[PDB]
Enquirer: 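Next up is a structure, given as structure tokens.
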Amino acid sequence: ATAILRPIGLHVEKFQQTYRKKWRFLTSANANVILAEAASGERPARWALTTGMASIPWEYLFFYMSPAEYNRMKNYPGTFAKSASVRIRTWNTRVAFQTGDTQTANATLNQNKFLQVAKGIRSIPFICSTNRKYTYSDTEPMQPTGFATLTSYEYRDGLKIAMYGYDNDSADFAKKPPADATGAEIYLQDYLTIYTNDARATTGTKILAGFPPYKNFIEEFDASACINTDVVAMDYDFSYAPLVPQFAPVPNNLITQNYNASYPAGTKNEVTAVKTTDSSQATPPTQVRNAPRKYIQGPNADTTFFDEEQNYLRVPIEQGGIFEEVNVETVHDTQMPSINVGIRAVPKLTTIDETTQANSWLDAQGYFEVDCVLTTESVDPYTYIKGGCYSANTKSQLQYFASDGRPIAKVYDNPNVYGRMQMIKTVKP
Amino acid sequence: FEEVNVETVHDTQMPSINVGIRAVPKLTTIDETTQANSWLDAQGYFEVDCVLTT
Amino acid sequence: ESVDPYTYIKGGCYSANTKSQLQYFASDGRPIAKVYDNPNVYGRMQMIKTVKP
Amino acid sequence: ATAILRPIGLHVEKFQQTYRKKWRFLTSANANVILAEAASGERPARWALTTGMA
Amino acid sequence: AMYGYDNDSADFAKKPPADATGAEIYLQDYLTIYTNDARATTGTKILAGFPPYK
DNA sequence: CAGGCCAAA
DNA sequence: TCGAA
DNA sequence: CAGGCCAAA
DNA sequence: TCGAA
DNA sequence: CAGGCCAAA
DNA sequence: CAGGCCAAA
DNA sequence: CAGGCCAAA
């Protein structure tokens with residue numbers, strides 16, 4: 001029999017977008033030295049071991065998309081980041097012909113140059129590491145002598161301004177010609193740092209294990225043979241990266257009496273849980289279901305995380321485990337692999353009278369060409385005939401919140417805890 | 001220009017040509033995420049052949 | 001079909017000015033549009049002033 | 001020679017959308033009759049011939 | 001610079017013609033990209049920055 | 001990948 | 001076709 | 001040799 | 001399977 | 001070898 | 001085109 | 001046999 005109607009279902013429009021950037025980065029070949037970091041609050045006294053492996057911030061949205069693209073993206077509710085890709089090529093590595101010292105005839109045409117690549121060091125459970133900005137000595141510019149006070153947020157903000165420039169009405173407009181326009185090189189300042197405990201003032205039983213042998217977890221190549229070659233190629237598929245919240249549904253409490261109904265979940269976990277661990281071992285690991293949560297669209301929505309533009313440069317793109325959907329969901333913890341690349345410090349051609357590492361270095365600089373692609377997807381659903389887009393309420397989203405109203409998000413800036421990236425309260429910009 | 005006959009005329013322009021060398025940053029450290037603020041002297045050498053027929 | 005063009009780095013979408021559009025207007029400020037409701041004139045659909053809803 | 005930059009041009013995103021409807025219409029089989037329409041302003045007096053073609 | 005001065009010029013020796021010598025000439029005209037300066041603009045400002053000319 | 005626009009061909 | 005195919 | 005541990009696969 | 005095979 | 005120019009096609 | 005969501009498969 | 005005329009194509 002002829003069918004005059006068939007179940008065609010909803011009209012839903014899906015939109016895929018792609019964002020590409022090309023960056024050229026300059027890195028300094030820092031010496032590996034030990035710096036003391038004094039105790040401060042809950043931070044214990046510790047030793048820090050510096051490197052020249054600059055952090056590549058491929059985990060953040062500004063790395064892939066301009067302020068104009070970001071501003072336009074807010075007009076597409078339900079936008080999810082789907083995949084991110086990065087390719088790193090190295091160019092010729094420059095090493096100074098001589099050092100500043102005049103007493104030694106240290107100039108030499110012969111060079112030994114080495115390129116260092118570290119993938120996924122951030123997640124190694126027994127290596128405590130972060131990316132830090134150093135201060136350097138005036139006589140030895142390759143030698144860190146302390147820590148800059150710049151935060152990770154401020155570092156990424158400065159990188160973003162270098163990439164995309166100021167507003168046309170800024171008094172400081174001329175200070176940063178946008179590399180997205182010129183294609184000029186940008187200096188990176190955030191370097192992989194390895195920590196270990198400082199037991200000088202420790203009372204009772206001391207842990208005297210020294211350092212982890214972190215060189216056993218990096219790749220090091222002859223830089224003379226890597227000119228104009230790819231050294232890193234990484235692809236990442238996001239688990240849950242909601243960049244713009246979904247369209248709100250038509251609220252069923254306006255239509256139904258049973259809007260606050262209950263139903264079986266069986267043995268399935270449909271509400272996520274928060275895991276807390278304690279490496280001091282004063283308390284055992286705990287798992288708590290039904291964390292404080294807020295809807296991010298709809299009647300009582302709290303959109304602070306998206307209103308504050310946290311996901312542009314302050315927090316990583318991947319946020320799996322931080323958000324919930326009201327359906328029968330399966331959620332796991334997430335983290336993107338870290339990327340650090342750089343040039344090993346080049347010792348100055350001179351004699352020393354002891355069996356030690358070098359104490360003076362030649363100026364050396366890495367030149368890295370970075371390609372990056374980000375793909376996203378958004379939806380325009382029409383559940384109802386009038387009044388714009390509305391999604392099914394099974395698409396409704398929630399976000400972890402703290403009791404003071406601050407949204408909670410994943411952060412990659414702190415060292416891993418049991419190989420995990422912690423989630424912390426966001427800070428208002 | 002016009003000619004008095006039954007003419008067909010459109011707007012014109014020749015394509016522009018610009019060539020050069022990108023600035024070469026000086027080998028030095030700076031303490032911020034910016035472009036270079038000091039450069040090495042660098043110079044492009046271009047050999048140009050040109051033919052015009054009339 | 002619609003387009004999101006990015007001619008500039010900041011401040012949202014901007015198109016090339018060769019995409020700029022104009023519409024016929026009457027002297028009283030009413031936009032002019034085609035209408036199909038009137039009979040054809042020499043086989044043509046006339047354009048008339050729009051009326052405010 | 002290896003090209004570090006190529007003219008990729010602008011980023012432009014194109015979006016195609018489709019709209020479907022199904023309608024069922026009832027029409028009346030009108031008689032073809034002649035109605036007089038009186039003159040009004042610039043409208044001249046005329047005869048009108050009706051149809052059932054909706 | 002290409003073709004030199006007249007033989008009676010007081011400045012004749014200053015520019016030996018490159019059409020005769022084949023020597024190199026320095027160019028001084030460079031591509032420049034403009035954008036609006038909204039520091040003193042009143043009302044609605046256009047804050048789009050620069051076009052990505054690279 | 002240039003010549004009266006490019007997101008058209 | 002006052003490019004020119 | 002990267003993504004919720006690696007000494008598991 | 002909120003990577004994905 | 002002519003018809004909106006011929007030195008254009 | 002139905003059974004714990006569909007815009008997922 | 002419809003879309004800037006049809007008795008033109």
Side-chain angles (χ1 to χ4, degrees), chain A residues 6-14 58 78 80 82-83 86 117-126 216-219 232-242 246-247 263-266 268 270 272 275 318-339 377-383 391-396 410 416-422, chain B residues 1-17, chain C residues 1-7 15-20 34 40-46, chain D residues 6-14:
Chain A
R6 290 225 190 63
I8 67 162
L10 261 40
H11 175 212
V12 186
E13 292 286 343
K14 289 250 208 209
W58 78 303
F80 293 87
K82 305 312 292 205
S83 71
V86 69
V117 176
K119 303 193 241 293
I121 292 264
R122 181 168 59 216
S123 82
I124 300 179
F126 44 88
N216 300 340
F217 300 87
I218 75 174
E219 307 165 38
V232 177
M234 296 214 38
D235 293 278
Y236 186 85
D237 287 304
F238 293 100
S239 301
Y240 208 79
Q246 297 267 28
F247 273 108
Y263 38 91
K268 175 64 170 93
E270 277 164 47
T272 67
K275 169 144 188 231
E318 173 65 83
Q319 287 303 323
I322 290 297
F323 295 89
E324 297 190 341
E325 297 184 349
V326 194
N327 46 70
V328 183
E329 57 183 354
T330 293
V331 184
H332 63 72
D333 203 23
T334 61
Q335 65 189 298
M336 309 164 70
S338 70
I339 300 173
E377 178 167 77
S378 86
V379 296
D380 281 4
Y382 300 96
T383 51
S391 57
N393 60 6
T394 53
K395 295 298 187 188
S396 161
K410 275 265 186 175
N416 76 80
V417 281
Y418 297 92
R420 313 289 277 275
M421 283 306 84
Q422 70 171 153
Chain B
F1 295 89
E2 297 190 341
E3 297 184 349
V4 194
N5 46 70
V6 183
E7 57 183 354
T8 293
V9 184
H10 63 72
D11 203 23
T12 61
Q13 65 189 298
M14 309 164 70
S16 70
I17 300 173
Chain C
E1 178 167 77
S2 86
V3 296
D4 281 4
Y6 300 96
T7 51
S15 57
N17 60 6
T18 53
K19 295 298 187 188
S20 161
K34 275 265 186 175
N40 76 80
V41 281
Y42 297 92
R44 313 289 277 275
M45 283 306 84
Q46 70 171 153
Chain D
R6 290 225 190 63
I8 67 162
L10 261 40
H11 175 212
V12 186
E13 292 286 343
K14 289 250 208 209

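Throughout, protein chains are lettered first and strands after them, A, B, ... in sequence-line order, and every chain is numbered starting at 1.
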Enquirer: Do any side-chain nitrogens or oxygens of A:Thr334 fall under 4.0 Å of OP1 or OP2 in H:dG3?
Expert: no
Enquirer: For A:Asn393 and K:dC6, what is the distance between atoms CG and P respectively, to the nearest whole Å?
Expert: 10 Å
Enquirer: Return the value, rounded to whole Å, for the distance between atom NZ of C:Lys34 and atom P of L:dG4.
Expert: 10 Å
Enquirer: Touch check for A:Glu13, heavy atoms < 4.0 angstrom, all strands: base, sugar-phosphate only, or nothing?
Expert: nothing
Enquirer: Report which part of the nucleic acid A:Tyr263 touches: base, sugar-phosphate, or nothing (heavy-atom distance under 4.0 Å, all strands).
Expert: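 Counting heavy atoms under 4.0 Å across all strands, no contact is made by A:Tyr263.
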Enquirer: For A:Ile124 and A:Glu318, take the nucleotide of DNA chain H holding the closest heavy atom to each; which residue's nucleotide lies nearer the 5' end?
Expert: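 Closer to the 5' end of DNA chain H: A:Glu318.
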Enquirer: What's A:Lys268 touching, base or sugar-phosphate or nothing? Going by heavy atoms closer than 4.0 Å.
Expert: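 Touches nothing.
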Enquirer: Taking CD from A:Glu377 and P from I:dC2, how many angstroms apart are they, rounded to a whole number?
Expert: 14 Å
Enquirer: Using the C1' atoms only, state how far I:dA5 lies from K:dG4, rounded to an integer number of Å.
Expert: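 The answer is 27 Å between these two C1' atoms.
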Enquirer: May I have the distance from A:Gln335 (atom CD) to H:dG3 (atom P), rounded to whole angstrom?
Expert: 6 Å
Enquirer: Over all strands shown, is A:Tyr418 touching base, sugar-phosphate only, or nothing at heavy-atom distances under 4.0 angstrom?
Expert: sugar-phosphate
Enquirer: Checking contacts here: which listed nucleotide (I:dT1, K:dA7, H:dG3) is nearest the side-chain heavy atoms of A:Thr330?
Expert: I:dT1
Enquirer: Choosing from K:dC5, J:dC5, K:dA7, which nucleotide comes nearest the side chain of A:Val12?
Expert: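 So the nucleotide nearest the side chain must be K:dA7.
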Enquirer: Any idea how C:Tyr6 and D:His11 line up, ring-wise: parallel (<30°), tilted (30 to 60°), or perpendicular (>60°)?
Expert: parallel
Enquirer: Heavy-atom count around C:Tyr42 OH within 6.0 Å, excluding the residue itself: above 12?
Expert: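 No, OH of C:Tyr42 has 12 or fewer neighbouring heavy atoms, counting only those of other groups under 6.0 Å.
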Enquirer: Side chain of A:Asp333 only, please: which of F:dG4, H:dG4, F:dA7 is the nearest?
Expert: H:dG4
Enquirer: What nucleic acid atoms does A:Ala118 come within less than 4.0 Å of, heavy atoms only: base, sugar-phosphate, or nothing?
Expert: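 Nothing, no heavy atom under 4.0 Å.
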Enquirer: Just by modelled atom types, is the A:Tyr240 backbone N or O under 3.5 Å from a matching donor or acceptor in the A:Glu318 side chain?
Expert: yes
Enquirer: Regarding A:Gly320, tell me which of base, sugar-phosphate or nothing describes its non-hydrogen contacts under 4.0 Å with the strands shown.
Expert: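 Answer is nothing: A:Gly320 stays at 4.0 Å or more from every strand.
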Enquirer: In whole Å, what is the span from the CD1 atom of A:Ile121 to the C1' atom of H:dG3?
Expert: 15 Å
Enquirer: Is A:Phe217 touching bases, backbone alone, or none of the nucleic acid, heavy atoms closer than 4.0 Å?
Expert: nothing
Enquirer: Any base atoms under 4.0 Å from C:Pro5, or only sugar-phosphate, or nothing? Heavy atoms, all strands.
Expert: base
Enquirer: What's the CG-P distance between A:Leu10 and K:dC5, to the nearest Å?
Expert: 16 Å
Enquirer: Please state whether the phosphate of G:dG3, meaning OP1 or OP2, lies under 4.0 angstrom from any side-chain nitrogen or oxygen of B:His10.
Expert: yes
Enquirer: Determine the contact category for B:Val9: base if any of its heavy atoms lies under 4.0 Å from a base atom, sugar-phosphate if only primed atoms, P, OP1 or OP2 are that close, otherwise nothing.
Expert: base
Enquirer: Using the side-chain heavy atoms of A:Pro125, tell me which of these nucleotides is nearest: H:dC5, F:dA7, I:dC2.
Expert: H:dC5
Enquirer: Which nucleotide wins on minimum distance to the side chain of A:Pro337, given the candidates H:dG3, G:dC2, F:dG3?
Expert: H:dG3
Enquirer: Please report, rounded to the nearest Å, how far the P atom of H:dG3 is from the CZ atom of A:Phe238.
Expert: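 Atom-to-atom, A:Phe238 to H:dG3, this comes out as 14 Å.
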Enquirer: Using residues 5-12 of chain B as the side-chain source, report each donor-acceptor pair under 3.5 Å to any protein atom, sequence neighbours left out, with the distance given to one decimal.
Expert:
unit_1: B:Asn5; atom_1: ND2; unit_2: B:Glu3; atom_2: OE1; d: 3.2
unit_1: B:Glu7; atom_1: OE1; unit_2: B:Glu3; atom_2: N; d: 2.8

Enquirer: Just label G:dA5 as syn or anti from its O4'-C1'-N9-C4 or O4'-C1'-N1-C2 angle, using within 90° of 0 for syn.
Expert: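 In terms of base orientation relative to the sugar, G:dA5 is anti.
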Enquirer: Just checking B:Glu2: does its CD atom have more than 12 heavy atoms from other residues, nucleotides or ligands closer to it than 6.0 angstrom?
Expert: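 No, CD of B:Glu2 has 12 or fewer neighbouring heavy atoms, counting only those of other groups under 6.0 Å.
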Enquirer: Is C:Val3 touching bases, backbone alone, or none of the nucleic acid, heavy atoms closer than 4.0 Å?
Expert: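 Base contact - C:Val3 has a heavy atom under 4.0 Å of at least one base atom.
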Enquirer: Is any side-chain N or O of A:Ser123 closer than 4.0 Å to OP1 or OP2 of H:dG4?
Expert: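 Negative; the distance criterion is not met.
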Enquirer: Checking C:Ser15 side chain against C:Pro5 main chain: does a donor-acceptor pair fall under 3.5 Å?
Expert: no
Enquirer: For A:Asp235, report the nucleic acid contact type (base, sugar-phosphate, nothing); a contact means any heavy atom under 4.0 Å.
Expert: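 Base contact.
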Enquirer: Test your reading of the model: is there a side-chain donor-acceptor pair from A:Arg420 to the backbone of A:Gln335, 3.5 Å cut-off?
Expert: no
Enquirer: When you check the phosphate oxygens OP1 and OP2 of F:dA8, does a side-chain N or O of D:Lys14 lie under 4.0 Å from one of them?
Expert: yes
Enquirer: Rounded off to whole Å, could you give me the CZ-to-P distance for the C:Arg44 and L:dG3 pair?
Expert: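 Taking CZ of C:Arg44 and P of L:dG3, I get 13 Å after rounding.
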